[PDB]
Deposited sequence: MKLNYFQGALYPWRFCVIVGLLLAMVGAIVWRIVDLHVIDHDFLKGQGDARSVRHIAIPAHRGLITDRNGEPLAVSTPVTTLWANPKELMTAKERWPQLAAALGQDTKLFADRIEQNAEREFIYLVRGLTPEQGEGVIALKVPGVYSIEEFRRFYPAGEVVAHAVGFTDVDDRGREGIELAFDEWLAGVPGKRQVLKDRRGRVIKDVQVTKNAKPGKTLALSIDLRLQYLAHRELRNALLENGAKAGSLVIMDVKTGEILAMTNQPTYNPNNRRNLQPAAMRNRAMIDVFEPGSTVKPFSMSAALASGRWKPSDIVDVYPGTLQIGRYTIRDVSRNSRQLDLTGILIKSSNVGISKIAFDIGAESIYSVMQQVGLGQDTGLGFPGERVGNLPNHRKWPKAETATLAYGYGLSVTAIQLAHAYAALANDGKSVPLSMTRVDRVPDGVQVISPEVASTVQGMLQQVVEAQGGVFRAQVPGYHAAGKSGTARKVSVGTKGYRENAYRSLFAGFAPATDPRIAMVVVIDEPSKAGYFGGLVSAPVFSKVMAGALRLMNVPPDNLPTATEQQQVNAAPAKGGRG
């Protein structure tokens, strides 16, 4: 007989409990021994809150089986009372069941265990080996003999998640969705200096202690979408790295449309003729980014997008995490060149978009993603040259200071809105601009598109998050 071990505590990064192994009592029975005390069954079935006929039928229909479960996960008290009845053939196992003290606030990130206390979703699965420990062994007849192997308890795990920032993102996402009539969305917050995921919240959500498939989707890691205008900063990074474009260089986007063979690119804001590179992001001109893309070639844009991880495996090993797709056409005709440049030529997740913005914010160095508390930060990879990244940072700062609704009072912030397709309203950005600390992606699944919807969410979550992290105001 196996001796189940104590499963490791999961906490947030500051030690708040997120998943707790609490001792329970499980009752199993040997049917044939139970068959010799049938007069005891009704009171046993009563004590278990079980129907007498259902109970009696399960014993008899599993007659020659010598092992069946009567009930699992009783309180130590409830289990004590049953065992006190001294019913022949009724035996107890001291087990552990998981309880989730933060419930729906962090459901998808934490995940949960199965009936056997084995990780089945989220962190519980991803880190199951760390958390599980090793069962002990117990030899029996009927008579109990020896504990021939001890259970070794699982190990504690502190997530990267900051429950304070997680609750703020949860509250603000839920309010943004209700205000917009939206039914689904996600919000990711990442530490750009450490790679840590500080908050990862989805809607709808569920209480893991108490089901609908929409509620179980860890959307930040599995909802894949074309990121649209939110990847124009990486097209611009390619343009600045090509050697052919200064930030003050000009593109004529008049009249806000561009015909490529048969398709017509149409800008959302068509009151522009000459725009500099910052102006192309401020106006979010698909025409401007296309014309720049034609000049530098799609290879250089693909290459930046690949390097910052869009459409690439995040490496987290999180279960069910999706990768999206960044097609490598090798040579791109005009239409595919433009389409990649303004973000409809690829598919990404919110985690990926946030990681990509984190590398941009961290002066072009990508720090590896982590879902667990990072005490020793691994060396990052320089994926965009520091000069280009710092230049794109400044451009994105001007985008916010002018999408005025994204301004973060007390701080210089940077970011870019977009409309995703699969429509979703998006904002990706980071703050403070002078020494970036956190990056954020907001995804709102729309039933009044784009920047007008997602930017106030960014503003409010960033305002709260920077203050929760005691970031000194830089404005």
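Missing C-alpha coordinates mark the following deposited-sequence intervals, in order: 1 to 55, 197 to 203, 273 to 275, 468 to 470, 491 to 502, 528 to 531, 560 to 579.
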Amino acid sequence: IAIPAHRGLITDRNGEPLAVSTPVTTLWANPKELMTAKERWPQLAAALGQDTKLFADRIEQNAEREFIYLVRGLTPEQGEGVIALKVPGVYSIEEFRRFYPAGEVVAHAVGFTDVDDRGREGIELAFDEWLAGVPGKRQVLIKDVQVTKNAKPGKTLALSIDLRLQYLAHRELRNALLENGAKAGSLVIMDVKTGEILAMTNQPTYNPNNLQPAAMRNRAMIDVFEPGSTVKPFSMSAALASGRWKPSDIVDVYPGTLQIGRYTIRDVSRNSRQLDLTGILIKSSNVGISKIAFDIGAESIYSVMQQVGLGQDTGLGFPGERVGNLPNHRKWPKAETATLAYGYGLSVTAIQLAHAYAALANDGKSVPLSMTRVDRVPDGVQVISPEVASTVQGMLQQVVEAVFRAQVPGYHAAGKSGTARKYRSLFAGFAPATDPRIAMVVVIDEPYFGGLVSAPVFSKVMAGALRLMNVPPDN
From here on, numbers count along this sequence of modelled residues.
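When the mean C-alpha temperature factors of 358 to 366 and 109 to 117 are read from the deposited coordinates, 109 to 117 comes out higher. According to the PDB record, 91 to 99 carries the higher mean C-alpha B-factor of the two stretches 91 to 99 and 324 to 332. Residues shown: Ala341, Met200, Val147, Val287. Highest C-alpha temperature factor in the entry: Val147. Comparing the listed residues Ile301, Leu187, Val134, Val268, the entry records the largest Cα B-factor for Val134. Looking at the C-alpha B-factors along this chain, the one for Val471 belongs to the middle third.
Looking at the C-alpha B-factors along this chain, the one for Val251 belongs to the lowest third. Ranked within its chain, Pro319 lands in the highest third, by CA B factor from the PDB record. Among the modelled residues of its chain, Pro23 has a C-alpha B-factor that falls in the highest third according to the deposited record. In this PDB entry, the Cα temperature factor of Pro227 sits in the bottom third of its chain's modelled residues, the lowest group.
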